[PDB]
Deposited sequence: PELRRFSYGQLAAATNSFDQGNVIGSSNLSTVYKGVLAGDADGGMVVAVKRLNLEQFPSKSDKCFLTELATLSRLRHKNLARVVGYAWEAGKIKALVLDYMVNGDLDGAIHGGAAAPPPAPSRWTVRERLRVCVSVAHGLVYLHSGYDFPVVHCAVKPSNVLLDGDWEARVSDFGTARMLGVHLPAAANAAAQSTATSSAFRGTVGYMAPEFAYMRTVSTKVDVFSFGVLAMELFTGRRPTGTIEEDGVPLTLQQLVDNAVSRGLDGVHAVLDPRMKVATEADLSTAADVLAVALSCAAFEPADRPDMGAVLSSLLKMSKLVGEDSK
C-alpha cells in the first residue's frame, strides 16, 4: 500500500485531464493514470463539494480494500491523503470498463453473461466469508463490476462496504434490498438481493428502475422476471435482452435458470434468500 503525493497523482493523470476521466459520479471522478509504467485508475473524491461523505467513503474504501484480496475483487495499489487537497484511491486499471457499459457480433452471449455472474459470485462469496470478518459490499450493481483485459469480472467500489464485527426506483435504489433501502439494515443477504437484481439486468438488459403502471402500481424488474419465468421458456425468451443471441435451446434454458436463481436472490424476505455459496453452487452447475 503505497502513499502518493498530489504531484505524483497529478503527473500520472496528466494533471487530472478531462480526457483521462474513465468514470464519474457526484462523489468522485475516476481517472486513467500511469505511474514502472504501471497503468492505474485514480479515484479522486469530491472533497470541495461533499467533504464529509468524501471522507466517509474514502476511509471506508481504503480500510476495507486494503485488507481484502481475491481474483474477482478490485485491487488497491495505494492512496493519496492530503486534507483539503486530495483524497484518492489508486487502483488496478481495468481496461474493459464496467458491466453497466457492457450491457448498455456482440461478445455478450448467454455463456459469457453466465461467466460474469459466476465471477461476481466468487467475489461476493469471498467478501461474505473469505476474510476474517464478513464484508457486506452494499452497492452491488453493474457499474461496480469492472472487466479485465481477459473480460474477467471484478467487484469494485468499496466506498459503502461494511465489515461485520416511467421508472420504479430511480438511480441505484432498484438494486437495494428493501430492508437496506428503507432501514439501512446490513446483512450479507442485502448483497444477495442486489446480485439477484444485477443478474436480472444482465440477462434482460433492463435497469432495475421498474415502471409505474397506469393504475399507479409499480412493476419492479423482479416482478417482470417473475411473470416471465412463470410463463415458461417462451415467457423468459420474451423478457431477455433483445441484443443477446438466443438461438439454441441451451442458451435459452441457461438464461431461464439464471433468472430463476436471480428471483430467489431477490426474495423480499432476507431469510428466504440463499447465501452466496448456494448461489455460486447453482451457477456452477449451470456452467458445466
Requested in this report: Could you name the stretches of the deposited sequence that have no C-alpha atoms in this structure?
Outcome: 1-2, 38-42, 112-120, 182-197, 319-325
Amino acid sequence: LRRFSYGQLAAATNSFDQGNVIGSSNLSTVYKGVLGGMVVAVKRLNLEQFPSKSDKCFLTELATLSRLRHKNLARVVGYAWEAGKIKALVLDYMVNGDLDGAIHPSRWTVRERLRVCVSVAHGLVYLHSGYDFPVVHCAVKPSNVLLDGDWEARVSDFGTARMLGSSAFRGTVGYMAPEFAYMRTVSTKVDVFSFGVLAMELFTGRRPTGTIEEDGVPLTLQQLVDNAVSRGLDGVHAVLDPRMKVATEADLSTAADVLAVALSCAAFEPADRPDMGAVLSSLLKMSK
From here on, numbers count along this sequence of modelled residues.
Query raised in the report: Where do the C-alpha atoms have the higher mean temperature factor in this entry, in 109-117 or in 210-218?
Result: 210-218
Query raised in the report: Where do the C-alpha atoms have the higher mean temperature factor in this entry, in 187-195 or in 68-76?
Result: 68-76
Requested in this report: Among the candidates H137, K87, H122, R170, give the one with the maximum CA B-factor reported in the record.
Outcome: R170
Query - Top Cα B factor in the deposited entry, candidates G174, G149, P178, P142 - result: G149
Report task. Would you please rank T248 by its C-alpha temperature factor against the other modelled residues of its chain and give the third it falls in: lowest, middle or highest? Result -> middle
**Report entry** Third of the chain's Cα B-factor distribution that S166 belongs to, per the entry
**Finding:** highest
Report summary line: Binned into thirds over the chain's modelled residues, the C-alpha B-factor of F133 lands in the highest
Requested in this report: Give the position of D92 by CA B-factor within its chain, expressed as the lowest, middle or highest third.
Outcome: highest
**Report entry** Among modelled residues of the same chain, the CA temperature factor third for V258
**Finding:** lowest
